[PDB]
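The form deposited in one PDB entry is given below as one chain in structure tokens.
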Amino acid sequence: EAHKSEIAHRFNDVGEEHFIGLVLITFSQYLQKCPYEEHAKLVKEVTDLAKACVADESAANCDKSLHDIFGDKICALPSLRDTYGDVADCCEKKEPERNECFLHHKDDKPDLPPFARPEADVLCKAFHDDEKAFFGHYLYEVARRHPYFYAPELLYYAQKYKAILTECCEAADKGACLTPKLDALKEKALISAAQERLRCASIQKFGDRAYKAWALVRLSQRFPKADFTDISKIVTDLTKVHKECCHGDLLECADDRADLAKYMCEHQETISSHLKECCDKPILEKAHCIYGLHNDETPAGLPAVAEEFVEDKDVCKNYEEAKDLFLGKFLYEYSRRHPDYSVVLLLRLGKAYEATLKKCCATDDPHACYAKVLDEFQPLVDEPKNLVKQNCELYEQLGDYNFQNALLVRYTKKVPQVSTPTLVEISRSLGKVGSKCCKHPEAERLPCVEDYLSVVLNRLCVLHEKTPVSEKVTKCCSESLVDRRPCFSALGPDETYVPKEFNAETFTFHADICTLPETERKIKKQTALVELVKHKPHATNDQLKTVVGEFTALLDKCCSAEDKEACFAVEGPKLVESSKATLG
């Protein structure tokens, strides 16, 4: 952890290749705006220093902290201009504040074009030409758009991207092979980026402990067979791994993650049967495998849970004398008997059990007070099971697009101050929870649904925190980690909100629009739908779909026209007349 030369110690630990990749991710994350060429430059510069220090640990700059080094290289960069570079105010500090400054500027939604994709053939040609520039470009482009991306998983995905391109590219029918396999990879990477952003927010906004509790639960359900001691240890090393990653210490993050996988494999007999799979694999595949490992079968011979946490004389004492160890052990015991609960439910239940001990342990007769505690959970369980039922039914009924449309209407009325891009993006993702999770038998849905919503609500929370516009979002996002979903579910339409008056044909662009694929076109209809509802939040569904209908219709009639621009300043104000006659 603290070596005479850190940069050398990590280069050695990690190998030149992962080290180059981790360093390129570090810069792409800290400086999302900067062109590829500057990052490559800085990466090279940092790698050569690394080489120099391995060679001879007394070399200049070898005794620096990694923060110092990344900071020194950056700061000799106001050279290759800082016009867009608004934050070399950061270079005005020294460490640790210098580094904290760079960190505080990571941007959850940098102004960038949507990561465009080449046609299959072009994508294949690019990869054959030059693999390094190819995957350097990929790390760069994914890191800068997702500045908290779990860094070793990002290396893993580059290597997944590489296996796919190898396989598809030589088939002479590229797109049909490639794009389906790529579009999947994208979805999974976006899931992983959101899971990590949630780990980082938990740590940052709620404290190490909130991530520890969360992790304790998840590992308890995945490794129901291991003992508490071994589960606490994994939880402890894994919280240090995420603290480092989430703070931009990726080199130390990746070395530590690798240390932990190694430890897990060295100890699989006492952890899970399912580890055989993973432990046979190379570094990244092995840590990934472990990262998403299906839960082990819960062991045969466990006593009833009431026996340790209701019946025992010593319940109040353990709660009073060793709160954390005692509540931990609770989360462990309870979580491991229930892999059909979401981690968030199990944490709400852990919360309720705690509030019960707190209330009841200060009475005359605590037992009589907390006797019904495990039983008193049932409502809290029932609450999210109905949300799943009602919303999956609807999804099955409506299909993707119309289920998204309904969620867009729902969410825009609950929190209409939220910006239109954020509401489009949130709703569409909520819509993705539907395709992912509604196809699983009822047992499996809850974990899938509620834990996925938790990730999508955190996206909302982090988009909003930067530019707070909705008191209700601020409240739901700041009160709990764990009650976020029920907090947002409970929200009725906001009747405080002053409707925006029409904004004159906002989507009558000089029509770049007409170049958009159906996908991006759906986004445009959805953006309009959101704007309609902000204008007319008491409008009926049919009235909303009539107006959208004349929007799509308008796009066809004036994208079918040479001088596209012309009938857009002309049809739009008749859409306005269409719109007032239909929504009054």
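Start at 1 with the first residue shown and count on from there. Shifts are known only where both forms have a C-alpha. In this text, rigid core is short for the largest set of C-alphas that superpose within 1.5 Å between two forms.
Below, we turn to the form deposited in another entry, even though it does not appear here.
**Student:** Which residue, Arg81, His104, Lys372, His294, is displaced 2 Å or more at the Cα between the shown form and the other one after superposing the core?
**Tutor:** Flagged residue: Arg81.
**Student:** Note yes or no: does the Cα of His9 move by 2 Å or more between the shown form and the other one after the core is superposed?
**Tutor:** Where the cores coincide, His9 shows only a C-alpha shift between the shown form and the other one that is less than 2 Å.
**Student:** Is the C-alpha displacement of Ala561 equal to or greater than 2 Å between the shown form and the other one once the rigid core has been superposed?
**Tutor:** Yes, its C-alpha moves 2 Å or more.
**Student:** Given that the shift is 3 Å or more, do the Cα atoms of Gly85 and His18 end up closer or farther apart in the other form than in this form?
**Tutor:** Here the pair is closer than in the other form; there, farther apart.
**Student:** Compared with this form, is the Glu95-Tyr84 Cα separation smaller or larger in the other form, the difference being 3 Å or more?
**Tutor:** Distance between the C-alphas of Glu95 and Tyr84: shorter in the other form, by 3 Å or more.
**Student:** Mind listing the moving segments between the shown form and the other one, meaning three or more residues in a row, each Cα shifted 2 angstroms or more, core aligned?
**Tutor:** Moving regions between the shown form and the other one: 78-86, 560-567.
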